[PDB]
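Notes to accompany the following structure.
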Amino acid sequence: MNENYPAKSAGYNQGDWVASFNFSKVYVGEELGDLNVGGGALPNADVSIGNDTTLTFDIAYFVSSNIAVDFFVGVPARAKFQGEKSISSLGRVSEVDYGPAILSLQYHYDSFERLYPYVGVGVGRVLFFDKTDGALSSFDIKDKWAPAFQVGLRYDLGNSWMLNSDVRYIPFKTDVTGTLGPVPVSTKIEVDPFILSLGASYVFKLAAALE
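Residue numbers (the deposited numbering): 1 to 211.
Written out as C-alpha cells, the structure is:
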C-alpha cells in the first residue's frame, strides 16, 4: 500500500530552477554616423530596416531569498573584455566562442511579485573554446573568467510566466562617427551606447536532489 500527494502550483524552497529567456539589443546612435568620416549630423546611410534581436538564454537558480544564482548563455556580441591595464600577457586572444557561459549572482529588494529592479554581479567566461581542427595545438586554457556586472528589471505580465529585462552599460572606443558636409554652427554629442535585453521567465522545480 502507498499514499499519493497530488500537489499543485505552490511555493518552493532553495534549489528552485527558473528558465529565463530574453533577446539582447544594441542601443547606439548609428543614424548619426557609422564607419564614416565627417563632422555633420545630417541624414545619410540610414540603418537598414530589419531586426537585430539576439535570442539569449539564462538560468536562474533560486536558493536564497537574500541572494540568488544566475547564469547567462548565448551568442557573443560587441562588448568589453577585461577592462584593465595588461600587466603580464602575450598572444592574440580572439573572440570565436560559439557557446560561452557566464556565472553571476542576482539580488533583489522586492520580496514579492511586483514591478521591481534587479541587480546582478559576477564573472563570465567561454565554454569549450577549443575547436576540433588541426591548426594550432596547445591553444586552450584551463579556465579564463573575468569580472562583470549588470542590472535588469523584474515585472509581472501574467500568472505563470513573467517579464524580465537586462541592462548593461557598454564602453565606447575613441572614434568619431559623422557624415560629410561641415557646418559653422556646433551641436551637442551625447550618445552613450549600451546593451539592453528583454524577454520572459518561468519558474520550475526540477525536484531532483541527492544528499
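Ideal placement from N, C-alpha and C gives every residue a C-beta, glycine not left out.
Sheet register partners of residue i (DSSP bridge)
i: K25; result: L196
i: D166; result: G152, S197
i: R125; result: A101, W145
i: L90; result: Answer by DSSP bridge pairing: none, since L90 is not bridged.
i: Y116; result: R154
i: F204; result: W17
i: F57; result: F21, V73
i: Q106; result: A68, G120
i: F62; result: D16
Exposed unless 16 or more other CB atoms sit within 10 angstroms - verdict on residue i
i: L32; result: buried
i: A208; result: exposed
i: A10; result: exposed
i: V18; result: buried
i: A148; result: buried
i: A135; result: exposed
Pairwise C-alpha distance: residue j and residue i
i: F71; j: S186; result: 45 Å
i: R154; j: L206; result: 22 Å
i: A146; j: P171; result: 16 Å
i: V123; j: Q82; result: 10 Å
i: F194; j: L103; result: 21 Å
i: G178; j: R168; result: 25 Å
i: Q150; j: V119; result: 6 Å
i: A68; j: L180; result: 51 Å
i: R78; j: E95; result: 10 Å
i: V73; j: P184; result: 48 Å
i: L105; j: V121; result: 5 Å
i: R125; j: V93; result: 13 Å
i: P43; j: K85; result: 38 Å
i: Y202; j: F62; result: 12 Å
i: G29; j: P6; result: 54 Å
i: residue 234; j: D34; result: For residue 234 there is no data in the structure shown, the boundaries of the chain being 1 and 211.
i: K188; j: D16; result: 49 Å
i: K142; j: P117; result: 35 Å
i: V176; j: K131; result: 36 Å
7 Å CB neighbourhood of residue i in its chain, flanking five on each side removed
i: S197; result: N22, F23, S24, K25, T56, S165, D166
i: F129; result: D97, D140
i: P182; result: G39, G40
i: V75; result: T54
i: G99; result: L127, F128
Own chain, CB closer than 8 Å to residue i, minus 5 neighbours either side, in chain order
i: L115; result: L153, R154, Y155, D156
i: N66; result: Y107
Residues near residue i by beta carbon distance below 6 Å, same chain, minus five either side
i: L163; result: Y155, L157, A200
i: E113; result: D156
i: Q14; result: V63
i: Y12; result: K205
Worksheet item: For the 8 Å Cβ check, are there 3 or more pairs between the stretch 51-70 and the stretch 12-25?
Response: yes
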